[PDB]
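Below, in C-alpha cells: the form deposited in one PDB entry, a single chain.
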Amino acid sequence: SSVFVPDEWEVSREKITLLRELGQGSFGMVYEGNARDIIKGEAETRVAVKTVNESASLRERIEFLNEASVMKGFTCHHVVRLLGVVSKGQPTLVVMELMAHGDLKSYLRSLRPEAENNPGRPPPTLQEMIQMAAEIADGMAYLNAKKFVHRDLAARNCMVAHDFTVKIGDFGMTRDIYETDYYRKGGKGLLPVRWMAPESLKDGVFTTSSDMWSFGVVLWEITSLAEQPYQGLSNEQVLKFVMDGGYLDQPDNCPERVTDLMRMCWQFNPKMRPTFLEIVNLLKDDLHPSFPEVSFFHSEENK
C-alpha cells in the first residue's frame, strides 16, 4: 500500500487556516494563514501559503515544482523556509514561513514619505541598509555554497520578516550548478532584463557572478526606495545599453558606502566581481549583535 511510503513534507489540510491575501503571483495566490502543530514545540505557527491557479500552464506548474523542490533542501536564517506541502487533494498548498512585511520592493515603496500606506516610520537609515545588504548577501552566499544560482535576485524576490530581517525568496528560476559552476539557458523564456549581467544578456550564461550583478541592482532599489531601474528605457534598450557596458547611476543622495558596493557588482568582467561571502565580510563589523548567531557566514557550515 501507498501508505507505507509517505512524503515527509506532507501536511494535513485540516491544520491550515487561511486569513487573508498577502499577494498575487503570476500563476497563483499567496495567503497569510495559521497552521496547527506543524513545528515541534509550537502549538500554532503563522505561515504564508502559496497556491497554484487551476488555470496554471504546464510551464508554470513545472516552475513551481522546481521552486518547492529547491526550497526543501535549504536551511538558512536568511532564506525563506518551506514548512510543508498539502497535496492530499486540491488545490495543492505550499506552506512557508510568514514574512509579515511582504516583499522588499513593496516594503521600500511604503517607506516613501508620501506613501498612502506609510507605516509611520522613516525610510531605511544607512545602518538599516547595510544590515539588509548583509542579510541578502549571507542568504545568497548560502545558496552559492549549496551550488545553486538564483537567476532572479531582485527586491520583489527578497522578503521582510516581522522583525525586519530580509531573506531570499522566489526560487522559480534557480538552477543547480554543482558540476560546472554555471548554467547556460537553452530555449526562450521570460528573463528579468533590468537585473541581468551583460554576459547573461549576451550568452545566456548565469553564474554566482551574474547573481552579484543582480545584488548590485537590489542595492540600487534599496537606495532609491524601489524606483524602476532604467526608467525611460524599454527592455530592448536596456539589453543593448548594458551589453554595451552601461549601468545605472547612483540614486540621489546614495550613501558612499553603498555606492562603492554597486561599483564592485557592476564590473563588466564577471571574474572581477566580488563573492557574496566577501560582501558579508566587508560589512560584518557593523551589524546587529545577533548576526553571528544566525548567519551562514559565521556558521561551522561555511567551510
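A residue's number is simply how far along the shown sequence it sits, counting from 1. In this text, the rigid core denotes the largest set of C-alpha atoms whose superposition between the two forms falls within 1.5 Å.
As for the form deposited in another entry, it is not shown, yet the points below apply to it.
Residue shifts between the shown form and the other one, rigid core superposed: of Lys88, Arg112, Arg81, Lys202, the only C-alpha displaced by 2 Å or more belongs to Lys88. Relative to the superposed core, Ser26 undergoes a C-alpha shift of no less than 2 Å between the shown form and the other one. Put the two forms on the same core and the Cα of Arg59 is off by 2 Å or more between the shown form and the other one. Comparing the forms between the shown form and the other one on their rigid core, the Cα displacement of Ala68 reaches 2 Å or more. Three angstroms is the minimum change: in the other form, the CA atoms of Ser26 and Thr75 sit closer than in this structure, by 3 Å or more. Here's the thing about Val79 and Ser26: their CA atoms end up at least 3 Å closer in the other form than they are in this form.
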